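For reference, the chain that follows is the form deposited in one PDB entry, supplied as structure tokens.
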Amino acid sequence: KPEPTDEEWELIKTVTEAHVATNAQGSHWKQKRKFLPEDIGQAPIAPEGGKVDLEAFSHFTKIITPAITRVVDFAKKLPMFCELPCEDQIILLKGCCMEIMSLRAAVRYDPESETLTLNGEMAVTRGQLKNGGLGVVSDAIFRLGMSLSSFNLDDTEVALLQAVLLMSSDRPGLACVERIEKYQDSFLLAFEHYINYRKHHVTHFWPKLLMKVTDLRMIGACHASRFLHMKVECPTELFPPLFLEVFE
């Protein structure tokens, strides 16, 4: 099985460093994290269904800007992305923002505590993340977390996965569709070969990881439909500057 070529190791070093340089978990999150108090976002023990717990929502939005910002820095550290028109860059960033963020939290899933550590600092439960606003998306991200545990992804693999999510040529309104596909394929090929190098113990690893890319897309779309409910149920004063633009 083909391992990465010299040229691909460069790209790999480039994406890996960009990810690590913008991954706030570069200080042992597992040891640094703090658990969000059980009082916040607990089952509310209602007609019309899940109503966003403004209290919980408040804690999530107070640390969401840095997460959004870090996704932009990540893309901006990739030469290929920097070659794209300003218009495409934006379209791509808006389309993958929550996909990438979701991946980042999912990879910080902890079976023993049943939590996801947001921004490598805030540990939360299904209930908390659900009642805080993501609704069933909460369940989706946790499932992704559970399914990714056996994959043992390192920074390079998460970085490459982020880059594949970034170079999505099917986003609506893109100008350089063909060029973006070329970039994505280059990441896929490097990823594919890096995987062979690492030698994971799981059958049909490549095919299974690709399906995870699909889950993230589903997750990204649900985020958007989820944001619509937030706008109805949450007062403007709770929305950070960038958070709004992300779905605009």
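One-based numbering along the sequence shown.
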(request) Note how many residues of the deposited chain are left out of the model between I45 and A46; the options are none, 1 to 3, 4 to 9, and 10 or more. (result) 1 to 3
(message) Mean Cα B factor from the PDB record: higher for 33-41, or higher for 192-200?
(response) 33-41
(message) I need to verify one thing: averaged over C-alpha atoms only, is the B-factor higher for 159-167 or for 76-84?
(response) 76-84
(request) Would you mind finding, among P66, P207, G220, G26, the residue with the largest C-alpha temperature factor in the entry? (result) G26
(request) Could you say whether, by C-alpha temperature factor, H19 belongs to the lowest, middle or highest third of its chain? (result) lowest
(message) Split into thirds by Cα B-factor across the chain's modelled residues, where does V213 land: lowest, middle or highest?
(response) lowest
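In what follows, reference is made to the form deposited with a partner chain bound, a form of this protein that is not presented.
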(message) Check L93 for me: does it contact its partner chain in the bound PDB entry (non-hydrogen atoms, 4.5 angstroms)?
(response) yes
(request) Look up in the bound PDB entry whether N119 has a non-hydrogen atom within 4.5 angstroms of its partner chain, and give yes or no. (result) no
(message) Does any part of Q89 reach within 4.5 Å of its partner chain in the bound PDB entry? Heavy atoms only, please.
(response) yes
(request) May I ask you to state whether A175 is within 4.5 Å of its partner chain in the bound PDB entry, using heavy atom distances? (result) no
